[PDB]
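When we count neighbours, we look across all protein chains shown, and the Cβ atoms used for this are built from the backbone with ideal geometry, even at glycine. What follows draws every value from the coordinates through simple rules; no lab data is involved.
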Amino acid sequence: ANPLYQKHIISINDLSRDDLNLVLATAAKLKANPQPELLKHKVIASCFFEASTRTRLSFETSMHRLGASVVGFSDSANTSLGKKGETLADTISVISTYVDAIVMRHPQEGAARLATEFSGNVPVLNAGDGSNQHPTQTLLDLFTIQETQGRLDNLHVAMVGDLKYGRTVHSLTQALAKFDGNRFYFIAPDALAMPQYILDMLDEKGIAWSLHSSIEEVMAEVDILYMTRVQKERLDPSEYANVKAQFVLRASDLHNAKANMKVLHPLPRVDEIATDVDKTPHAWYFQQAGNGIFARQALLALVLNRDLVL
Amino acid sequence: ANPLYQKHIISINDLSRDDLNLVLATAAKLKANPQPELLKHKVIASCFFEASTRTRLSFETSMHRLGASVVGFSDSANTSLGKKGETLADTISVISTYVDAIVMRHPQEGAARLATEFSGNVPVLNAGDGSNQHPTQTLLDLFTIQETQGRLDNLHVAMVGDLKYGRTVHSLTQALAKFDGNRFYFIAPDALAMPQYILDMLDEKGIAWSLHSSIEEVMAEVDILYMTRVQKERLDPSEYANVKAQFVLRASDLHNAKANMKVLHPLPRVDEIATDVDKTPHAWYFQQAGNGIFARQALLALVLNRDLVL
Amino acid sequence: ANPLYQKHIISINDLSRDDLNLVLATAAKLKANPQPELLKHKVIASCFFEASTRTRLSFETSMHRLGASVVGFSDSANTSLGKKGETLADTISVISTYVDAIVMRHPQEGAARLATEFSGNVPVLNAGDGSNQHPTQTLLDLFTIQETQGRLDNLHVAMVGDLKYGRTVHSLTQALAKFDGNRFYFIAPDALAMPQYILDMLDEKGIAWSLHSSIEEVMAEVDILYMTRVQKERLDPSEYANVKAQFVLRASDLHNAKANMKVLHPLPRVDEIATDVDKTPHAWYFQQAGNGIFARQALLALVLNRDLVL
Amino acid sequence: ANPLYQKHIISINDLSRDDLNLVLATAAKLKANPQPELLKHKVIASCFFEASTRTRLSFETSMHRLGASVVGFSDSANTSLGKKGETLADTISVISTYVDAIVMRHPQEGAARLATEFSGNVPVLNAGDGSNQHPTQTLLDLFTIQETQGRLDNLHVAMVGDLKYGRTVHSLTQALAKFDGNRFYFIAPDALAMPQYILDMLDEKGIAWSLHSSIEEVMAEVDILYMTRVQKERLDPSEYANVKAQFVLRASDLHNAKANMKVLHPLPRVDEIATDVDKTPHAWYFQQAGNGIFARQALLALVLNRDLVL
Amino acid sequence: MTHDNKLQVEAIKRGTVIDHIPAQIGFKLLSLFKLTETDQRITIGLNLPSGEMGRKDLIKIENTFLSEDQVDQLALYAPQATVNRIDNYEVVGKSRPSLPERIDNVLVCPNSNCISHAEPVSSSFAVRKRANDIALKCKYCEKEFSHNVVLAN
Amino acid sequence: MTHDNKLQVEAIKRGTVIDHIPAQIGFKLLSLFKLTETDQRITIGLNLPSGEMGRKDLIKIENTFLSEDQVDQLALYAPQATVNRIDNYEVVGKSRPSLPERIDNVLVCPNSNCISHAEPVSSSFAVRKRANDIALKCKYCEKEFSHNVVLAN
Ligand SMILES: [Zn+2]
Ligand SMILES: [Zn+2]
């Protein structure tokens, strides 16, 4: 019945605004009044062809908080000793006959989509197919912004870090560009700046955006500060270093931030955000995490429950 | 309500006598009248940063026998490929927001304690932080002695093996030293003898103890015989060998043991205890195991149930 | 005694204009009149802390051809597979106590240099140290050029591929800078342009360089084309595909090619240089490759012998 | 023919008092008047069943310096990485059919010895066999001593570190036992004292030894200090820290040090010998290290040549 | 007035102040307890006689008053010494170096594991005395050592 | 001048001392330049407004002639400061901190892979001037970083 019954969750791109608001709505409602038996008697494959424990646990917890049972695997690097002894399709076909739903993660792009064409009516939820999608992350990002900012419309968002290879970002910025108002700020080094296609897409919906060299500029005017980990391997020791501890965020830098402003991070961190931040009141990167439980929990309900209304 | 509600279980050292008797009391009661739904609707992270399946299963079974759901991991040697890409603290912080409790095991000492300061009100239960604690083992040891000996006071206990590096031991001997009566016997080679600080602590509470060269001496006068595996790597092939099959226990050696006397082992064995023992009536090392289910099951109930009374 | 007898060989920089000349003459002189006993009864240590077959055989071969005895090791040995083992300081101290020369390759910038302050009067020759110096490549390249062009001045040099990380390119454009009338045309994806520091040095020397997007553009007047490869990992798997435009040579693009022109490449080569090129008379990456047996051969000579008459 | 022409070299024990003398004179004689063709046209098999770079280069270097050709292998090869492959018997049978000498290092006590009963008239030289013999260390040590002290009798020798497992110490205190007027001062943590078997041999020979807790105690009259390291794994990580008292030398403890005194150490060294020591004129672990090129060099000579005139 | 000898200093302004510190131990207390993470008069001087067999160090701050216990957490280093807070122009508070129950952020459970290393936490031990030395129990590793072993790397 | 002045800021006994050093950028110098590492006498004054006012840190060494070299290497932090060779309130000389050519032992290569780290050697760099930066080339790692890039840590 509900707009998203028996349907797949692959790319963030293909989600209506009504679509999104629905999931979020559910989220905050499921958060408010925890329904541990909604999904009683359902079995769900937590398939991780590409290991991401942090993710598995998060997802798998929602599968539990809803009375559902879970079975799966985390075929890592000592499990993925086989490059030619079971095609994904065939695996999906087989696995598609035991369970009620498939939450799969994959090293390769296109996987979730593919599995779709081999799962019959069994639903598949992409937990990250290569460097493509991972709708699940984007939604908890969102959910977190809205609940802290009351809206997802007319907001100032900062995006810091490796903007070039950070999908989580591309995904979020696209989603956001689905709402009115909103001015963007991308403070990332020159060899990791935000990609053109993203800019253009913002050029098209006539969306406010400017680039900066350091968060200090904009810091005063942002509601959301989204930190992303840079990696040394995306550059070189000297290079990286020569800018690493440059786009890092430390406690001293929040002296002019808005009470409402919150700092975010898809995690894991390491450098991007100094430990002394974790205490200020703008640190919501952890609340951002626990919130992925109501985004992922909400999604499974909608897809598996014919009609939901708290 | 109950003395141990919402509280952490880190080091055996910090447990009152009332504390202990409580857990044990629960244990034998939970054993007597199995309550499979007490923990219905609770989720518990079975975190094993340091793999110990034998332990995981044991713990995880108690989590189940109580109607609780479980999600976790066993980040071993092909999972622990990362020495600097997620601090424990941050992990605990994150994970601390999904679940109701955290049963964690760690390669390093101090971990459980640390996690405590980053889990909010979520409880953490140490399953063995390095070479420090592992209260969980000690309790099932105990539980096993009491139920077989009717008391934990005024008893003759034998401790055989690598007494120097065997924490399980240190832990047990300390706990025992929390009761009256009790005379100790430590039959371990010279380079693996019981540590001084332990002796002294027994010197202090004025506790009976003597050393021996072989269990045969004392064998006639012991209620409890606690076997521990020695390891070849704690010495050298010749050395070890030249004493290995020396502090081993075989069937022939029980010809003068008390009916009530029982043989124990934290397991796994290999040498310490000849197979022919497994049949005598003194072999309780396996009953000792299955009993870890009521020690660990009991602990979770107390920590998670506000008030318990069978 | 020659200007290099007993001197170390670490950076391409540490080489005077007049120096390079000596090394080269020498090299050619050994290509005409080979001296198999020049380094007779000399023992060299081919040390490959950073495993690398290619450079090892080239180097060692260009070691036996002088009657020198070899001894050494590839990959991480006595000091592990990437952990604890002992300082490089301590290794060089020990080894330099029994060899008449050190040839070491290492993964961290400055190992050769560090070693130099620990080998006593035993010379050390850098076989590449991380992203720092690899003197034999730049030298073996030059010689090759000098041989197919007759001069190392008043030349048009083109460099294609990854120039932002190209270790071998930088020093090559550093060295040629030590010469007159050289015109440079750099061709590379923006994501990976020639470092600024290099250009700055090119201008502050009155040197002429221009950038391009396609080989074709400058193909016309180039005497030397220097190909390099951009490993996939240097860019998103898809990024790579997109702009993997003409940054890979194909024989079809060599009609208005200067007869004297030569194609060079450090190797190994993957995609950038099509097979069909191998037929034409411009392909020299191979001849360039076997030339490095004389450059390295010359070096050993120069450094170990003084009245070097050839 | 000399007393060792064509004899095997396995145990430090198998060496007569008068023998060691021959080897040493020889060694010095090769340090003054080096003989590059002594072993010309002889082919030796540097076999490293038990991989160990350090001893391999020392040995092989002290192989080329005599015009001998080398051939061999490190780590486990044709017989795996630690499983099934074939008997050592069968290997030695095959190899001894084409080399003029065998130099093998192995991980199990008695491999060299076993090999000896299978090499036909091909000599075998032990490069250490597990926890048994390592003749070249003890010999290269002695020579060094003999060189800095002028004699190997009427001396004060100190040995610090792990003496209970120190392979190299034992045989060193076994050998010096074959001499007169030597006074021994052993310094080590009790957990790791000098084996009893050694003391018993010291007394039944009228040899004088005393034990200490700190280097300082005997520092005064020692001609030779022999440092060794106790790897962490030889004791609880914390045990180690605690008593890691003075069992690691530091230059500050060398004022009332006998001018002739020399510090020695097999190596590699980790903590036990501070860097600043390296400056003073007592540090000889290095010179001692390069001396073993003459001991091993002498051996090969002695064993392969008969009318050894040097 | 007018005898024979020279000087330049004496008892100056307000603030908490310090008496007696061994040699080379002075500077320590500074870096260790972060005695400059401010803008107040933190003037001092080392290796000057004030009553001892060879050396002695003294400290001088103003506007900042020590915790009537923090004192403790500072002890150990200067075996015997004094505070003597200087509230308004003159002497007004004699204190002495007594052992704290604990001592945080200054030491290191010398146990290569003892968790607190790559971890963002304050090193807390546990003071205990006997005779040959002083013992302290790693709050995290629960491994005890003598102040000596802990005082070093 | 009876109007305003200052109680502190002296000039006693033989010893080469400095003058005028940035605020909260002097203590950092004592450590960095293995100073206290000796058993000599020295008075120190931090948060002291000089004859120049601009809040500064300040020493006062006893019999320890100071020199041009270790002198030049004092810029960077306290570029503008002075070293007058005294012999008991005797300005028998002086000079200033001209930016040195090299600068060993005290800085750190920001290069995670710079070999310098785990090894038994002295950190050595190179000095040069840009619009706003100071170019430094990790002598070993051979990479060039910005002075503020290296000092941040
Ligand atoms: Zn600790
Ligand atoms: Zn460097």
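Things worth noting here:
- Secondary-structure-derived ellipticity at 222 nm for chain D, considering helices only, amounts to -10000 deg cm²/dmol, per-run term -39500 (n - 2.57) for DSSP H runs with n ≥ 4.
- Exposure proxy order (Cβ contacts within 10 Å, fewest to most) of D:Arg105, B:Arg250: B:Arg250, D:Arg105
- Positive-end extreme of charge dipole, the protein assembly as shown - chosen from E:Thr82, A:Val160, C:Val124 (charges on Cβ): C:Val124
- For the rotational copy pair B/D, the chain B residue whose Cβ lies nearest the symmetry axis, together with its distance in Å, is B:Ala191, 3.
- The range A:195-262: GluC sites (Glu not before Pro) in DSSP loop, at most 14 other beta carbons within 10 Å: A:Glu221
- For chain E, size of Cβ-based charge dipole, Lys and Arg +1, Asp and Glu -1, in debye: 260
- The distance between label points at C:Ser238 and A:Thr87 comes to 2.3 nm (points 7 Å beyond Cα on the Cα→Cβ vector).
- Taking packing as the residue-averaged number of other Cβ atoms within 10 angstrom, the listed peptides C:46-57, F:120-131, B:130-141 run from highest to lowest as B:130-141, C:46-57, F:120-131.
- The overall shape of the range A:134-291, judged from the alpha-carbon gyration tensor, is rounded, with an a/c ratio under 1.5.
- Peptide B:68-81, shielding by other chains (average Cβ, 10 Å cutoff): 4
- Neighbour-count order for C:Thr173, B:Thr87, B:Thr280, fewest beta carbons within 10 angstrom listed first: B:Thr280, B:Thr87, C:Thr173
- Residues of the range E:12-52 with amide N under 18 Å of a point placed 7 Å along Cα→Cβ from E:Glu90: E:12-17
- Checking the Cα-Cα distances for B:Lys232/D:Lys164; E:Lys60/E:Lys129; E:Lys60/F:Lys56 against a 21 Å cut-off, the pairs over it are E:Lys60/E:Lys129.
- If only the Cβ of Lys and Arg carry +1 and only the Cβ of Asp and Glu carry -1, the dipole of the protein assembly as shown around its Cα centre is close to 600 debye.
- Charge tally for F:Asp39 (other residues, Cβ to Cβ under 12 Å; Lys, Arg +1; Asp, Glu -1): 0.
- Summed over qualifying helices (DSSP H, 4 residues or more, each -39500 (n - 2.57)) and divided by its residue number, chain F shows a 222 nm mean residue ellipticity of -2000 deg cm²/dmol.
- Charge tally for A:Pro237 (other residues, Cβ to Cβ under 10 Å; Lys, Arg +1; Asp, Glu -1): -1.
- Those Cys residues of the protein assembly as shown for which no other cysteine Cβ falls under 4.7 Å: A:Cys47, B:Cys47, C:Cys47, D:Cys47
- In nanometers and ordered shortest first, the copy-to-copy spacing of the A:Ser210 label point, defined 7 Å from Cα toward Cβ, is 3.8, 8.2, 8.8.
- Cα-based Rg of chain C normalised by 2.2 N^0.38 Å, two decimals: 1.01
- Percentage, to the nearest whole number, of Cα pairs in chain E over 26 Å apart: 36
- Kirkwood analysis of the protein assembly as shown, using all unique Cα-Cα pairs, places the hydrodynamic radius at 38.3 Å.
- Here the residues B:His170, B:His64, ranked from fewest to most Cβ neighbours within 10 Å of their Cβ, fall in the order B:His64, B:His170.
- What separates the Cα centres of the range C:89-134 and the range A:91-169 is a distance of 50 Å.
- Separation of the A:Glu204 and E:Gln24 label points, Cα + 7 Å toward Cβ, nm: 7.1
- Cut-off 14 Å, label 7 Å out along Cα→Cβ of A:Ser52, residues of the range A:87-123 by amide N: A:103-113
- Near A:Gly128, the amide H atoms lying under 5 Å from its own belong to A:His106; only residues 5 or more places off or on other chains count, and H is placed 1.01 Å from N.
- For D:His255, inter-copy label distances in nm, listed shortest first [label point 7 Å out on the Cα-Cβ vector]: 5.1, 6.8, 8.8
- Legend: residue pairs C:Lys262/F:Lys139; C:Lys178/F:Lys143; C:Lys29/D:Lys31; D:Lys178/D:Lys279, Cα-Cα distance threshold 31 Å; pairs beyond threshold, C:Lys262/F:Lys139; C:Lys29/D:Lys31; D:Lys178/D:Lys279.
- Centre separation in Å (Cα based) which lies between the range C:186-208 and the range B:18-87: 61
- Cβ-derived FRET efficiency at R0 56 Å, B:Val270 paired with C:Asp278, nearest 0.05: 0.35
- Inter-copy label distances at B:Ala241, shortest first and taken from points set 7 Å along Cα to Cβ: 3.7, 5.1, 6.1 nm.
- Taking the convex hull of the alpha carbon positions in the range D:102-167 and averaging its projected area over all directions gives 5.9 nm².
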